[PDB]
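A quick note on method: Cβ atoms are made from the backbone with ideal geometry, for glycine too, and the neighbour counts reach across all protein chains shown. Derivation of every value follows stated rules applied to the coordinates shown; laboratory data play no part.
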Amino acid sequence: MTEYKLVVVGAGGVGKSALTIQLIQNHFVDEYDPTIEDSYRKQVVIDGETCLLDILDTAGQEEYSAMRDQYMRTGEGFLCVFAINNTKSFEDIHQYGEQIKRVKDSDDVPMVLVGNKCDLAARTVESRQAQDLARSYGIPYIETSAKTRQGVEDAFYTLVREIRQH
Ligand SMILES: Nc1nc2c(ncn2[C@@H]2O[C@H](COP(=O)(O)OP(=O)(O)NP(=O)(O)O)[C@@H](O)[C@H]2O)c(=O)[nH]1
Ligand SMILES: [Ca+2]
Ligand SMILES: [Ca+2]
Ligand SMILES: [Mg+2]
Ligand SMILES: [Mg+2]
C-alpha cells in the first residue's frame, strides 16, 4: 500500500504525542511523558484509498537537533505543531520550518501548521499571526485540541492530501 511518512515536530510540550495518540488510539489522557522518538504505523482509509500512515513522533528537546536532520531528511510531510497558549513555541516553529527547508533543500515540502490546545482559555498566539506564517510557507493552518479531538483528523488527513496533491 501507499505509505505516507509523516513527521510531527515542534517544541517540547506542545502536544505532538497527544495529537498522534488521539489520531491512532482515539483518546486523550492528561499526563507528563516526554518523547525520545516513537513510531506509529496505522493503516487507514483516506478518500477511499488504503494507505499506511508511518508517523514519527519526535522530541521537542533542544539537545536533539543533530538527530532532527536525519528524520527531516527522510520525512515526507510534516505536522509543525505549536501550542496556542505558548508564544515561545510559536517562535520556535519558525526555526523548525527553516530547518526542514535546509535539510531537504526544498520549500515545496508538504506541511501543515498546527495550533494545538485550542480547548484552553489562556490564548497568547492569535490565529491571524499563525495564518501569516502558514501563508509565507504556502501551507494550511489548522487548530487542534488533542483533548477534545477537535481538528485532529483534519490536521493529519490534510497533511496526507497535501502530500497526495504534491
Ligand atoms: N488542554 C490540553 N492539553 C494538552 C493538549 N495536548 C497536549 N496536552 C497536554 O500538554 C502536555 C504535553 O503533551 P505532549 O503530547 O506530551 O507534548 P509533546 O509535544 O509530545 N512533548 P515532547 O516534545 O516532550 O514529546 C501534557 O500534559 C498533555 O496532556 C491539548 O490539546 N489540550
Ligand atoms: Ca519551490
Ligand atoms: Ca495545499
Ligand atoms: Mg511527545
Ligand atoms: Mg541543505
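Dividing the convex hull volume of the alpha carbon atoms of the chain by its residue count gives 105 Å³ per residue.
Based on DSSP H segments of at least four residues, each scored -39500 (n - 2.57), the chain has a per-residue ellipticity at 222 nm of -11500 deg cm²/dmol.
Extending 7 Å from the Cα toward the beta-carbon at both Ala66 and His166 defines two label points whose distance is 2.8 nm. Of the residues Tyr141, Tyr40, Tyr32, the one that moves most in a GNM of the chain with alpha-carbon contacts below 10 Å is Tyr32.
For the options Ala121, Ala146, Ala130, a Gaussian network treatment of the chain with springs between C-alpha atoms closer than 10 Å singles out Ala121 as fluctuating the most. Taking Cα centre as origin and charging only the Cβ of basic (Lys, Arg, +1) and acidic (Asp, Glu, -1) residues, the dipole magnitude of the chain rounds to 200 debye.
Annotation: extensible slack from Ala121 through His94 equals 7.3 nm (criterion: 0.36 nm per residue apart, minus Cα-Cα distance).
Each residue, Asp33 and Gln131, gets one label point 7 Å from its Cα in the Cβ direction; the gap between the two is 3.5 nm.
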